[PDB]
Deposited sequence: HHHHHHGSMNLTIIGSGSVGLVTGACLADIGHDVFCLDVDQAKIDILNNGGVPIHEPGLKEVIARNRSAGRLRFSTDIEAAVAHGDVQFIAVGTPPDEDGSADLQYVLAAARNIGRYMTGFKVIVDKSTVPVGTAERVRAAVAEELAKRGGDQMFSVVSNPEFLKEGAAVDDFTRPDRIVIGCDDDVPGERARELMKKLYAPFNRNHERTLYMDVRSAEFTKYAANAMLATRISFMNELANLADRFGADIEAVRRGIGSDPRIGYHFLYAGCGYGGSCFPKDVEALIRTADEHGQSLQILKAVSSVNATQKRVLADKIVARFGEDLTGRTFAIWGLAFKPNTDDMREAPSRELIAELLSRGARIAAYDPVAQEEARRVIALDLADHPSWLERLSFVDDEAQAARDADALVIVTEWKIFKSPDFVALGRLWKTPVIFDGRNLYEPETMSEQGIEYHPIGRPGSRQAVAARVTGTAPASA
């Protein structure tokens, strides 16, 4: 039941896919054009922030089931199944990957689009492979999207909610489908986790899922902003609607918006694809609009409280990464908040358990046209230090360390006991009793807040 597999692209998705498939007994070749990334992996290091991944990689390297190389030809010759797992920030990489398989392949290949790619990409992949073959075998291209979450990727892969497989129903298609069935059998020994459909529907599914997740978030963010206008508590509302099983409890946390390298990119790509086919996605456009403005809500509340000129003010920032348990700064709400406060003259002292180095890098690039503003941005070693002389503390990313802080320690440090909370971590009444002026998103402030 063991298969020879190649993963093309050893980024987050490709690396966990390859290592975990090796771990169930497949013989896996992980290919990447990035020689440093490959050297690092071959040296025993892991280029990414993923719990449990180092140990999976190590034991499968030792067992002879997992290799890392930049050797394109060797990669093609190895894998009967070729997973395309390159980035999609733009399809040249996906297509270049396809051409290489076509340029070197010798027997039947199943080519698996695992990267998130627009509907119709498998057809373009097929054409690229075909024409290479023309210059000189059969194959079929399958869609098998990834549903991993950054920082939880090993668990997400090893215990998936479902595995979606899009395949043609022609002869090479059914042969590919049988091979994918064999490949994923170890995940299907209890509940059937695999969902088979046609290629285009599988392609569409990945965008639709991320789009729905984003829609839930922006939906609650609009209601949170309304809650702040008419005296309601969005967390009460979240539990009140989540308890309808047709809605469910997850991804309904209002706050300072969504970021990351997935939702913004995928919802924008779907909006673009639709418009290119002559349809305006009204709901998704609203979703994207709402999120862009939601990343300004913390600054809106701060300006309402302190005025437009924040010169002479200092704000402590708790959280920089787009979500907890990652160092990923891509589309992080913290970047918008920091730019806005710096533009208004404030000093910023920022803390994040892991993302400080990457945050300093990308915020400096964000603000390259105003290099002097960076003179007012500092990053500290521990969360309490950020609060020194602060007019207010601003919570952006709900790392666990922020959930139960030492408010007495903070009270000896800050200038005024005011908190703006983009993630709704604390009970407003508790904040009231502690003499803290509390400004959450969509919930009534502490008594001091009004």
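K.L.:
Lining up the deposited sequence with the coordinates, I want the ranges that have no C-alpha atoms.
P.N.:
Residues lacking C-alpha coordinates: 1-6, 96-102, 150-152, 467-478.
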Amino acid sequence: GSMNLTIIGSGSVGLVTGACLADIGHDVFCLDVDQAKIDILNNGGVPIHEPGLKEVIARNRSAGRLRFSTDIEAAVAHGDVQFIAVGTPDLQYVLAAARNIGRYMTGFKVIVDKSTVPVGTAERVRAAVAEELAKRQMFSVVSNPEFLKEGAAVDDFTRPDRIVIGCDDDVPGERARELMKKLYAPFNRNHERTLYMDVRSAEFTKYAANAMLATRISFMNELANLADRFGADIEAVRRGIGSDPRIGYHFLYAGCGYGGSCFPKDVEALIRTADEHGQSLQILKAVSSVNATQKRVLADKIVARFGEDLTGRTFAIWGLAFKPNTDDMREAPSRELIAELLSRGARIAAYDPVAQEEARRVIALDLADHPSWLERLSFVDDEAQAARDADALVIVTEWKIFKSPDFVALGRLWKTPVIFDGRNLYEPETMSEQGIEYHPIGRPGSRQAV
From here on, numbers count along this sequence of modelled residues.
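K.L.:
Highest mean C-alpha temperature factor of the two stretches 15-23 and 430-438, which is it?
P.N.:
The stretch with the larger mean CA B-factor is 430-438.
K.L.:
Mean CA temperature factor from the deposited coordinates, higher in 319-327 or in 270-278?
P.N.:
Here the higher of the two C-alpha B-factor means belongs to 270-278.
K.L.:
Identify, among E336, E222, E203, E174, the residue whose C-alpha carries the highest B-factor in the deposited PDB entry.
P.N.:
Among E336, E222, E203, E174, the PDB entry lists the largest C-alpha B-factor for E174.
K.L.:
Which listed residue, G257, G87, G240, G248, has the largest C-alpha temperature factor in the record?
P.N.:
Answer, based on the entry's C-alpha B-factors: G87.
K.L.:
Among the modelled residues of its chain, does the C-alpha B-factor of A386 lie in the lowest, middle or highest third?
P.N.:
Middle third, going by the recorded CA B-factors of the chain.
K.L.:
If you rank the chain by CA B-factor, which third does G79 end up in: lowest, middle or highest?
P.N.:
Highest third.
K.L.:
What third of the chain, by the recorded C-alpha B-factor, contains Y93?
P.N.:
Ranked within chain, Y93 CA B lands in the highest tercile.
K.L.:
Ranking every modelled residue in this chain by its Cα temperature factor as given in the entry, which third contains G422?
P.N.:
Tercile = lowest for this residue's CA B-factor.
K.L.:
Ranking every modelled residue in this chain by its Cα temperature factor as given in the entry, which third contains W399?
P.N.:
It belongs to the lowest third of the chain when residues are ordered by C-alpha B-factor.
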